[PDB]
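What follows is a single chain, given as structure tokens, in the form deposited in one PDB entry.
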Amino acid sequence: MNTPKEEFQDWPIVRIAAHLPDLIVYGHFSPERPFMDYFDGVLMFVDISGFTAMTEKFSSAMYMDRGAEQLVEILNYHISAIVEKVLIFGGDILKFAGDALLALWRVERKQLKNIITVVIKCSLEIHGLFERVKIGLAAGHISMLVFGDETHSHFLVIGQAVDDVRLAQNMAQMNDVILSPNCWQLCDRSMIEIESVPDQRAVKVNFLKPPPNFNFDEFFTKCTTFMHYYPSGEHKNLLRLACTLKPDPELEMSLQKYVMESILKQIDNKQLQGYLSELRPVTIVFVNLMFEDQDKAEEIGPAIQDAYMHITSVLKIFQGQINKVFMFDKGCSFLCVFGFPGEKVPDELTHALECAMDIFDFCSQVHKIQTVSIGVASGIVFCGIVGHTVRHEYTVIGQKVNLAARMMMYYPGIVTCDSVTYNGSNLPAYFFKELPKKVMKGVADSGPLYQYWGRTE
């Protein structure tokens, strides 16, 4: 009697799970919104903007109309190698963004010290791949927020360690590994030689020099005792346990709400697998919400949910999409896009600005939101699924993405827009104010910027 080998793990639920971290896939938490949970862990923030500032070159006529395809190919080739390292070292990749990848090792407080050693070794091996990234590491308390409505879900991690991992990454230069102050306080200092960072309490890792009898392979195996989903046994040849998920309609109903409908259409083999890799004109509406206090989801969770409920209703009118949400220094940011593939509407510029002002006016009145700021920028951006086969996400990359992001931070409390949006809106000129030009990070020659003042005085 024969024993044919199994082949089939390529179910829709597995394809959906590629777009999500284990934090969500195996979370099995309540469907109430907002949902908040609390834990401890180590965060790794890998800055990949050496690789993503290349989107300019790929718009060149040299690439003969295959710019988007070449860009996603070379990006995924390099990001895939980073992903594999994170996953084999036991990390859960939470999110991809144009300029970064955030990973989490969730553990009980008593194992933080040893897990930081694992994460530092992982970091050093990532830098070894490119002998061009910057790595910030943090550790400590982490809060998770899940918000959404009956058809869509989003999640965020928040807290001091999340803020810390961003600050640490910003301090880093090429090939640096920077530990947040609490990570350095928590780590095993017998193992790692550091140096101080000027004017900073964070530290830079110079060396991982373990004691004479230390065996990293045996140490790592001991650490896998605390990793709930590390592929093992019969499945030790897989990068993710999620690769083994089996059909389960209740679970798939839950997980699909995190993924854009156009991606679900490709997952269902109802759209060509390359339709979503494109250089295309879009309008970015980057919404920033600032609170009094950054690291307490119990106060900001309800506010973000209330904002989200209004944002989704405004965007739906114009097939706008929330591509990503981020949280830093008591600012929660929504990266909204008008014009994604198959979602284009006429008067995109006008409607982007009217939607921004609607969001601005509503969210300004939401309890506990202190300031709303919105940047609106329009131009050619790269869109596509970025990452590894087993862990990837739809992402947008481009100068206009970075411009809208810097505008909402450098011009707080107002709706701003770039010259493309201003000139191509069908709105009267006195609806706008020409702004002073500010030197903004990563922005060279943004063009004239405007405040959308709106229809009345």
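The term rigid core refers to the maximal set of C-alpha atoms that superpose within 1.5 Å between the two forms. Numbering starts at 1 and follows the sequence shown.
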{"item": "Residues of the deposited sequence that sit between residue 132 and residue 131 yet are not modelled", "value": "10 or more"}
{"item": "Stretch with the greater mean C-alpha B-factor as recorded in the entry, comparing 230-238 against 291-299", "value": "291-299"}
{"item": "203-211 set against 314-322, stretch whose average Cα temperature factor tops the other in the entry", "value": "203-211"}
{"item": "Residue of maximum C-alpha B factor among 268, 348, 358, 278, per deposited coordinates", "value": "348"}
{"item": "Residue with maximal Cα B-factor (values as given in the PDB entry) among 66, 388, 57, 400", "value": "57"}
{"item": "Record-listed C-alpha B factor of residue 257: chain third", "value": "lowest"}
{"item": "Lowest, middle or highest third - CA B-factor, residue 225", "value": "middle"}
{"item": "Residue 84, C-alpha B-factor rank within chain (lowest, middle or highest third)", "value": "lowest"}
{"item": "Relative C-alpha B-factor of residue 434, binned into the chain's lowest, middle or highest third", "value": "middle"}
{"item": "Residue 444 - which third its CA temperature factor falls in, relative to the rest of the chain", "value": "highest"}
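This next part talks about the form solved in complex with a small molecule, which is not shown.
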{"item": "Answer range among 353-361, 95-103, 213-221, 305-313 for contact with the small molecule, defined in the deposited complex as heavy atoms within 4.5 Å", "value": "95-103"}
{"item": "Full three-residue contact with the small molecule in the deposited complex, heavy atom 4.5 Å, for 326, 335 and 396", "value": "yes"}
{"item": "4.5 Å heavy atom contact, residue 405 to the small molecule in the deposited complex", "value": "yes"}
{"item": "Residue 401: touches the small molecule in the deposited complex, heavy atom cutoff 4.5 angstroms", "value": "yes"}
{"item": "The small molecule contact in the deposited complex: residue 50, any heavy atom under 4.5 Å", "value": "yes"}
{"item": "Residue contact check: residue 448 to the small molecule in the deposited complex, 4.5 Å heavy atom", "value": "no"}
{"item": "C-alpha displacement of 2 Å or more between this form and the one not shown on the rigid core, among 51, 394, 432, 45", "value": "51"}
{"item": "Closer or farther in the deposited complex: C-alpha pair residue 399, residue 51 (3 angstroms or more)", "value": "closer"}
{"item": "Closer or farther in the deposited complex, the Cα atoms of residue 88 and residue 52, when the shift from this form is 3 Å or more", "value": "farther"}
